[PDB]
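Given as structure tokens, the chain that follows is alone and in the form deposited in one PDB entry.
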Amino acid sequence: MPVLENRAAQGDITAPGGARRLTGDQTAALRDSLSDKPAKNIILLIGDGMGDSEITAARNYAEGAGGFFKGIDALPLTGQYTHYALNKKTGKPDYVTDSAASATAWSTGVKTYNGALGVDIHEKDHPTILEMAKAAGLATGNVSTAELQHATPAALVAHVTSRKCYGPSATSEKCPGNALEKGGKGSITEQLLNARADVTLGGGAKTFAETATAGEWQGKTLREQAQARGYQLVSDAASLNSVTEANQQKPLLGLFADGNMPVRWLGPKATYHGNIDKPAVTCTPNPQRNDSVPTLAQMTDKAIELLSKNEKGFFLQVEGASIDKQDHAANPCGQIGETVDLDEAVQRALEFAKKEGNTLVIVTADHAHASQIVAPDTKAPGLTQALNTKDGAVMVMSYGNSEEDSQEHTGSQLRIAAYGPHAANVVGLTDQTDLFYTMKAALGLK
């Protein structure tokens, strides 16, 4: 099964046939990309808020219009899926989903309300693909650049009525029924500790400072609890690289930031008439991204190394989280940089999957977002910014769906791409919940 080695404009884009990305007929190559054999492993890569518009803007800037993302664009089977949520009261669709309801959909196969994690509209728990993978004996990983309490990575290991129930104090207030001191399963962080995935890496060390209100580890901080239960904690790239093994006996918990991990690039926020009233922007690397802080690709690689030792196979979910967050912030450079960062992670995953031969790689997003690529002379009501692209030309990006401080998610269907056994199941129009069933089946989970 071939990965698309190169789909950049083949020549002079101003010349006939120069902007072509194909060099011949793809039928044969697609035929070689189809296989219903079982997938031994599955690597799911989620770009939070990475809709088609976000992929296009990143490519344009970092690779040029005629460019090609070696990871993101390289997957041969592509499709488009829907991700609407449900109204808790009515059960009717809620066209624009949040990060929690969408992550729950692919992780449990059941639609739910905005803000819910691992539960349906009746607030019933439903086992997640990770819990199922672990029950079957497969190794499991959960990697993200956001706090581990954030919706995307949490959905795989927690079941709470509100995504805000990060740790003990919020759970007591927001999720009383989940509150440990009230007989519930616990907060997102407490449930994460219980889920015991083999590899968990991300930020959110802050919440791990809270102390349990009840149970066996009452009075100890969640950090202390983690150590007491046998988790090997690492807090930087050096210690992370030191790790030789990770399993149920000695599970890995990497906390690389108090909150979300640092963004790769820096740039100013989009402003009103910014493309007109101000000069073009050129993003700059964040001096604080650090040599001690592992990158998403580094984390993905270590995770694969450690999880691949499990002979039964593994399930790994990787999240490029700040794409969505910078999109909310109307910061083109942060958004694009996190897209570039995710591409590197996808590349590592594809390299392994290509050698290994029984791995299903899927790259998609939870929901669409605000950013739109518009004409340079656009006079828009929202925030816009002009950027100097690799092409040596200006690209103007617009954020116009909100007068508040955060730009809103949008409900357009978006790209889902895959490579490996069962990749055929992402082609055409599918639903986010279909992704749960595709993975369960590809993995032979029962």
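For every residue, the number given is its place in the sequence shown, counted from 1.
Annotation for 260-268 versus 75-83: the higher mean temperature factor (C-alpha) is found in 260-268.
395-403 and 40-48 differ in mean CA B-factor, and the higher of the two is recorded for 395-403. Which of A146, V318, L233, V199 has the largest Cα B-factor in the deposited entry comes down to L233.
By the numbers in the PDB entry, the CA B factor is greatest at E216 among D94, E123, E216, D341. When the CA B factors of the chain's modelled residues are split into thirds, the value for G382 lands in the middle one.
Compared with the other modelled residues of the chain, the Cα B-factor recorded for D98 ranks in the lowest third.
Sort the chain's modelled residues by C-alpha temperature factor and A418 lands in the middle third, per the entry. Annotation for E173: C-alpha temperature factor in the highest third relative to the rest of the modelled chain, per the entry. Remark: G184 belongs to the highest third of its chain, ranked by C-alpha B-factor as recorded.
Not pictured, yet referred to below: the form solved in complex with a partner chain.
For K325, a non-hydrogen atom is located within 4.5 Å of its partner chain in the deposited complex, even though that partner is not displayed. Its partner chain in the deposited complex is not approached by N358, whose heavy atoms all lie more than 4.5 angstroms from it. The closest non-hydrogen atom of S162 lies within 4.5 Å of its partner chain in the deposited complex. Its partner chain is not drawn, but in the deposited complex it has no heavy atom within 4.5 Å of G334. When you look in the deposited complex, the only residue of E351, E224, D98, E181 with a non-hydrogen atom within 4.5 Å of its partner chain is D98.
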